[PDB]
Amino acid sequence: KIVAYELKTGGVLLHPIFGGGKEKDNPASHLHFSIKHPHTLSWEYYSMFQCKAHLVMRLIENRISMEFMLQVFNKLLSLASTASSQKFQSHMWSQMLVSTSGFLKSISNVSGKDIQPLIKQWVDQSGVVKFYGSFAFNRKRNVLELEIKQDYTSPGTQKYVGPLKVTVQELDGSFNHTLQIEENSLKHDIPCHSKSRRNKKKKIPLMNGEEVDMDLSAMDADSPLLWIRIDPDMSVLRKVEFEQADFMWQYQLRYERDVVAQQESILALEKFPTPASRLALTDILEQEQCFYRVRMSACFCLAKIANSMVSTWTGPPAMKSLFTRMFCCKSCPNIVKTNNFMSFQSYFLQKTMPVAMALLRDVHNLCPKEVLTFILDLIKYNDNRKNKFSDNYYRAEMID
Amino acid sequence: XXXXXXXXXXXXXXXXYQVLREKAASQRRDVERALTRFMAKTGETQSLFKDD
Numbered sequence: 401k402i403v404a405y406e407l408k409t410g411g412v413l414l415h416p417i418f419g420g421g422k423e424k425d426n427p428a429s430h431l432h433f434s435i436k437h438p439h440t441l442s443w444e445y446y447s448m449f450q451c452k453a454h455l456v457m458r459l460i461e462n463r464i465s466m467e468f469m470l471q472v473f474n475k476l477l478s479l480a481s482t483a484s485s486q487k488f489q490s491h492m493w494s495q496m497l498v499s500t501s502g503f504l505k506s507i508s509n510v511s512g513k514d515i516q517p518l519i520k521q522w523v524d525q526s527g528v529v530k531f532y533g534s535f536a537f538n539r540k541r542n543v544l545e546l547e548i549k550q551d552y553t554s555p556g557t558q559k560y561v562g563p564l565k566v567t568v569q570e571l572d573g574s575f576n577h578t579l580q581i582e583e584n585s586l587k588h589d590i591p592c593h594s595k596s597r598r599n600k601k602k603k604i605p606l607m608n609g610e611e612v613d614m615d616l617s618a619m620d621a622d623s624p625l626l627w628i629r630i631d632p633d634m635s636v637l638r639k640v641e642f643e644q645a646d647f648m649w650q651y652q653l654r655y656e657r658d659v660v661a662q663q664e665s666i667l668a669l670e671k672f673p674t675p676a677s678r679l680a681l682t683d684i685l686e687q688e689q690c691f692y693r694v695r696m697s698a699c700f701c702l703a704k705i706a707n708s709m710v711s712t713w714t715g716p717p718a719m720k721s722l723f724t725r726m727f728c729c730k731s732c733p734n735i736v737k738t739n740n741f742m743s744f745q746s747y748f749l750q751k752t753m754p755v756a757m758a759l760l761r762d763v764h765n766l767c768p769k770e771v772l773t774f775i776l777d778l779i780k781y782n783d784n785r786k787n788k789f790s791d792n793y794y795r796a797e798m799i800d
Numbered sequence: 156x157x158x159x160x161x162x163x164x165x166x167x168x169x170x171x172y173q174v175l176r177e178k179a180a181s182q183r184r185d186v187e188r189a190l191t192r193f194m195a196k197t198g199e200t201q202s203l204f205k206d207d
């Protein structure tokens, strides 16, 4: 919501500052007034105001303990509930106006850190920051060792945020984290992995706990890297653009411990590729206990990539096999029908998948005829009151 | 046995599973479209094309 809106429009700024004395001081007057007034704004603006409100409190997590947040808020409500419910202390009562300045003061009283830079970055420069953190590859048996460059410039609505850090996963190793700077024409290193060699023998030297995975399938002559990340806990308002080997994206989709990483590799592999191995790893991702909505956007991945399968119809008419191999009512002799609820993974998944199946088109007349008749058959085979769950939205998305 | 002894006739197994639920669901579709046609020509009607 936030990135889309402040690239549609200008910033969503959190003033302390007036234009007092008939002054404007409003670059964010890309449409309208904001400074002293509620009733100028748009619901797009007011909504994104609340959204930036969420995420700037996440930045205050990112500089300050949650326990300290409990401390701050308890001090707030202690002073307020103390200042309430009395005989009206005359001249001594407005402590329930607990606005920005003294609140900030109370924060720094709990822990005085450099959060006024946090303010003047995010509270007082309403800018979203893209990132051209450009992947380079040192220790590609390189003398220079595990290096990647930092880059950014994109005006219209830009902002330059420097000193932060970087989160990288090795093959089976350290979450490497690396500092950042301003003056952003930068080149930086990685706190290097070991010589991950003889990796047929180094099968799993402890990827992340007792996770179990083996592929030499990537460009694994000299690839001791697995995944790039900047701030997986989503600190900076970001829109990160970079490039890896596609193997690394797909293998991240084999597993990663972030839904963030999973759906962003979902988007990155929604752009370009079509190997059938992509389809394979997609379907593999769809059939486990991983996540619900991951699988919904994975369905839409299959939609795009099988739409790229016009001359490259290598795989089947896709995803019929997914209703085959994942759905046994009474072993389901060729058609899945009945009572497929109480397991709400499957609820969302059946709710979603035939839409992406109805997307599957290859250019002769885009011809989803099998899918057409199949979906009509899905609409046939709906349940009685054996499902206790009002077979409603399932109808709705089959209709969609 | 063709004259003396006798037997018993049950004569209706009809237990073809997928065919059974095909029968039931097809019949449900029938009753759908039937009541649709009924209140279609019954009540206030507006169309998709002109005069359907």
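For the protein sequence lines, the chains are A and B, in the order given.
Here the first sequence stands for residues 401 to 800, numbered as in the UniProt record's numbering.
Here the second sequence stands for residues 156 to 207, numbered as in the UniProt record's numbering.
For every residue, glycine included, the Cβ atom is placed at its ideal position computed from N, Cα and C.
Requested in this report: List the residues of chain B whose Cβ lies closer than 8 Å to the Cβ of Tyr781(A), in chain order.
Outcome: Residues of chain B whose Cβ lies closer than 8 Å to the Cβ of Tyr781(A) are, in chain order, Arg176 and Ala180.
Query raised in the report: Listed from N- to C-terminal order along the chain, which residues in the segment 729-743 of chain A have their beta-carbon within a distance smaller than 8 Å of any beta-carbon of chain B?
Result: Closer than 8 Å at the C-beta level to chain B, one finds these residues of the segment 729-743 of chain A: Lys730, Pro733, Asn734, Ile735, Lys737 and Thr738.
Report task. Give me the Cα-Cα distance between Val510(A) and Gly527(A), rounded to the nearest whole angstrom. Result -> 28 Å
Query raised in the report: Are the segment 780-794 of chain A and the segment 736-750 of chain A touching, with three or more C-beta to C-beta distances below 8 Å?
Result: yes
Report task. Specify, as a first and last residue, the run of the beta strand (DSSP E) that residue 865(A) falls within. Result -> Given a span of 401 to 800 for chain A in the structure shown, any question on residue 865(A) remains unanswerable.
Query raised in the report: Quick one: is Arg192(B) near chain A, going by C-beta distance under 8 Å?
Result: no
Query - Proximity test, Cβ basis, 8 Å: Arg184(B) and chain A - result: yes
Query - Residue interval of the alpha helix (DSSP H) (run including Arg192(B)) - result: DSSP places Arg192(B) inside the alpha helix (DSSP H), whose first and last residues are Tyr172 to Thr197.
Query - Contact between the segment 417-426 of chain A and the segment 477-490 of chain A (3+ Cβ pairs under 8 Å) - result: no
Query raised in the report: What residue ranges within the segment 670-757 of chain A form continuous beta strand (DSSP E) runs of no fewer than 3 residues, ordered along the chain?
Result: none
Query raised in the report: Within 10 angstroms of its Cβ, does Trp443(A) collect 16 or more other Cβ (buried), or is it exposed?
Result: exposed
**Report entry** Contact with chain A by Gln173(B), beta-carbon distance below 8 Å
**Finding:** yes
Requested in this report: Evaluate contact between the segment 195-207 of chain B and the segment 768-776 of chain A, counting only Cβ atoms and requiring at least three cross-stretch pairs below 8 Å.
Outcome: no
Query raised in the report: Can you tell me whether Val561(A) is buried or exposed, with buried defined as 16 or more other CB within 10 angstroms of its CB?
Result: Around the beta-carbon of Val561(A), 16 or more other beta-carbon atoms lie within 10 Å, marking it buried.
Query raised in the report: Sorted by chain position, which residues of the same chain lie with C-beta nearer than 6 Å to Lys549(A)'s C-beta, five sequence neighbours on each side aside?
Result: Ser534, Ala536 and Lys587
**Report entry** Presumed contact (8 Å Cβ cut-off) between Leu626(A) and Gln689(A), rounded CB distance
**Finding:** Their Cβ separation, rounded to whole angstroms, is 22 Å, which puts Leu626(A) and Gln689(A) out of contact at 8 Å.
**Report entry** According to DSSP, residues forming a beta bridge with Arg638(A)
**Finding:** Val529(A)
Query raised in the report: Which residue comes first and which comes last in the alpha helix (DSSP H) that contains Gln516(A)?
Result: Residues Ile515 to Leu518.
Query - Beta-carbon spacing of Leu441(A), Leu637(A) below 8 Å - result: Cβ atoms of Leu441(A) and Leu637(A): not closer than 8 Å.
**Report entry** Collapsed DSSP secondary structure at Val566(A) in the structure displayed
**Finding:** strand
Query raised in the report: According to DSSP, what are the bridge partners of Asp762(A)?
Result: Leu766(A)
Requested in this report: From the DSSP output, read off the bridge partner residues of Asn576(A).
Outcome: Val568(A), per the DSSP bridge assignment.
Report task. Given a cut-off of 8 Å, decide if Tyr655(A) and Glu611(A) are closer than it, judged by their beta-carbon atoms. Result -> yes
Query raised in the report: Between the C-alpha atoms of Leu544(A) and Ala404(A), what's the straight-line distance to the nearest angstrom?
Result: 38 Å
Query raised in the report: Going by Cα to Cα distance, which pick from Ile435(A), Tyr445(A) and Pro438(A) is closest to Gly410(A)?
Result: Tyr445(A)
Query raised in the report: Given that a residue counts as buried once 16 or more other Cβ atoms are within 10 Å of its Cβ, and exposed if not, what is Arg695(A)?
Result: It is buried - the Cβ of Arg695(A) has at least 16 other Cβ atoms within 10 Å.
**Report entry** Whole runs of the alpha helix (DSSP H) within the segment 450-526 of chain A, excluding any shorter than 4 residues
**Finding:** 466-483, 500-510 and 515-518
Report task. Classify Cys728(A) as buried or exposed, calling it buried when 16 or more other Cβ atoms lie within 10 Å of its own Cβ. Result -> exposed
Query - Spatial distance of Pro416(A) from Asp524(A) (CA atoms) - result: 8 Å
Report task. Flag this pair as yes or no: are the beta carbons of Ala661(A) and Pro632(A) separated by less than 8 Å? Result -> Contact: yes.
Query raised in the report: Distance, Cα to Cα, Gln173(B) vs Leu702(A)?
Result: Computed Cα separation, rounded: 30 Å.
Requested in this report: Counting only the same chain and skipping the five closest in sequence on each side, list residues whose C-beta sits under 7 Å from that of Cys451(A).
Outcome: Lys401 and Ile402
Query raised in the report: How should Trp649(A) be labelled, buried or exposed, when 16 other C-beta atoms within 10 angstroms of its C-beta is the threshold for buried?
Result: By the Cβ neighbour-count rule, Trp649(A) is buried, with 16 or more other Cβ atoms within 10 Å of its own.
Report task. Just tell me which of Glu643(A), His432(A) and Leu616(A) has its CA closest to the CA of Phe531(A). Result -> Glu643(A)
Query raised in the report: With 16 other CB atoms within 10 Å as the buried threshold, where does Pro624(A) fall?
Result: buried
Query raised in the report: Based on Cα-Cα distance, which residue from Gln558(A), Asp683(A), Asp572(A) and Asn608(A) lies nearest to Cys699(A)?
Result: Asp683(A)
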